[PDB]
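So that we are looking at the same thing, I have put the structure below in structure tokens.
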Amino acid sequence: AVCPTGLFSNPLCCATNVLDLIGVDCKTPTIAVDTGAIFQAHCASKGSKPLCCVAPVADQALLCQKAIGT
Amino acid sequence: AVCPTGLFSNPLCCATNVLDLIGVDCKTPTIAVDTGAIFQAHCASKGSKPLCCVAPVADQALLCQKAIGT
Amino acid sequence: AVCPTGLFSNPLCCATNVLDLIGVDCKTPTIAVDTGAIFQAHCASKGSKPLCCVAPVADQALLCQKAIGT
Amino acid sequence: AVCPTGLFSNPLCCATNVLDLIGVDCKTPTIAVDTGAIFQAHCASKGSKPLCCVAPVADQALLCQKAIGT
Amino acid sequence: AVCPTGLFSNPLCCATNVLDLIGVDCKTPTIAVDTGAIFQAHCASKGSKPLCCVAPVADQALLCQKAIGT
Amino acid sequence: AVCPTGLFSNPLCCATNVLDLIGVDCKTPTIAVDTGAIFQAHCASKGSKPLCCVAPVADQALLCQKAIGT
Amino acid sequence: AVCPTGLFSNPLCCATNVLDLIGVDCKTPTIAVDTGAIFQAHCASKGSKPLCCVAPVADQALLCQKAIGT
Amino acid sequence: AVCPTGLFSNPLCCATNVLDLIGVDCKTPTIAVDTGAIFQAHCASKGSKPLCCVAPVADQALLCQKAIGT
């Protein structure tokens, strides 16, 4: 789990987190993201940041929080 | 130049370009970028996008134009 | 042409046009849209409105104007 | 009911739900919607989405929750 | 006329004009307003301001210009 | 008390309540507002609505909720 | 003239200029501001920046541009 | 401490606090601020306000709480 279960449970690669609450330009991982390094690097390659969001869907601003450690 | 002159004449690396207008999460280039390949190459080294923005200052959101050549 | 050439030249089906300038939740037609009726009905079926936008890309808010007649 | 009770207890048809929070371009239901199939059926007849919102008023954006059953 | 012609050529009563640009909480005039005294007189009968806006539709925020004569 | 004690405790006359949370164009009562009618009418005369806000200060958007009954 | 005549002609001391277009928390000079230094220092004392705005009125966000030199 | 602990536990100097929530145009303190008089004294030396914010990072707007003691 790179994201907690529950609310912010859906890991997405997003350009930025506005106000640390709004994940903007989010698109879902293309590989399997089972650790924080995997998640992070997979996003920093896409020119995205690793976020955990309230829905698994991609493009459309939505609530997110950053992945821990990162 | 990798930016026009006149209004949008400052290269900055930004996370995204909201509405294609507003540059968010930008940084001043740290190297000298004089081609479009080098610009987005220096920005990708940040997960950033090459933009052309109304000012040299990177703190506080800005009016930005997507870089040409990228 | 359901959209003018030039700036607002890219026909998209979008949930709404904020301030008559910002097309929100936009996704591109799935069929061929060669008249205003075709364009319109194709969008009203997707629960979208027909807009003409400054880019052919889908999800990400962007500048748009409504299609004429509609 | 097709909405909870408490806070988000008003069915309204809206174009979209910005951030999953803000209902935009909403209308008061014109028919009586007492199942979730009927609700989004009455909304789709507008290109709208069934939402559950903090008030009965449809003019001015609102805090809204996606309908359950839709 | 109590509005110009061209762009801002629709009188509407609105609660305020955000940034002097965005008309918020507007209503269609219910009476015929053909002087500037009568316009803000018909709007004040709502706690509203007389504005001149880009469209006749009052649902959804709008680009508006403060009325002249008021 | 036209406003609850605590958070939304400061009665202001405001042009509108954005998203039912943000009181915009707020200016403080010029008379004494000791009942809901007094509060309300005093605002509807100023072309404002009666709101209860998180601070007694006037011009600057701030969190508010509508006065009860009104 | 610390501000041009015409559009951005009204000198105000404002907390910040959002997107270099929106003067936020603006209040008018308390002394006479006849040069750029006078204007600037008078604002930097109020914890404001010197801006030139489209109206002489204080509190309410409005279009502004920074004073030259500063 | 000049900030609480828990959520809003980072002192930053910011131009304003939009809605009393969003800290805009902030900077990291450059000196050590351990009283409330010293904090707004170090911020006023910038035309800034002492705020207590959810993170140590000052680039990109933030959730902030007005400083207590100021």
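Letters A, B, C, D, E, F, G and H name the chains as they come in the text, with residue numbers starting at 1 for each one.
We take it that a residue touches a chain if its C-beta (ideal position, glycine included) is under 8 Å from a C-beta of that chain, and two chains touch if they have at least 3 such contacts.
In UniProt terms, the chains line up like this: A, B, C, D, E, F, G, H = Class II hydrophobin 2.
Each of B-G and E-F has its own count of C-beta contacts, and the greater count is at E-F. The chain pair from A-H, D-E or E-G that repeats the B-H interface, sharing more than half of its contact pairs by residue number, is D-E. One simple way to say how far apart two chains are is to compare their mean CA positions; for subunit D (Class II hydrophobin 2) and subunit E (Class II hydrophobin 2) this gives 29 Å. Averaged Cα coordinates give subunit C (Class II hydrophobin 2) a centre that lies 23 Å from the centre of subunit D (Class II hydrophobin 2). Note on chain placement: the centre of subunit B (Class II hydrophobin 2) and the centre of subunit F (Class II hydrophobin 2) lie 44 Å apart, centres being C-alpha means. Looking at subunit D (Class II hydrophobin 2), residues 18, 24-25, 60-61 sit in touch with two or more other chains.
Note for the complex: subunit C (Class II hydrophobin 2) touches subunit A (Class II hydrophobin 2) at residues 25, 58-61.
By the touch criterion given at the top, residues 16, 18-21 of subunit C (Class II hydrophobin 2) touch subunit E (Class II hydrophobin 2) in their complex. On subunit A (Class II hydrophobin 2), the positions that touch subunit D (Class II hydrophobin 2) within their shared complex are 22, 54-55, 61-63.
Of all residues in subunit H (Class II hydrophobin 2), only 15-16, 18, 24-25, 44, 47-49 touch subunit G (Class II hydrophobin 2) in the complex they form.
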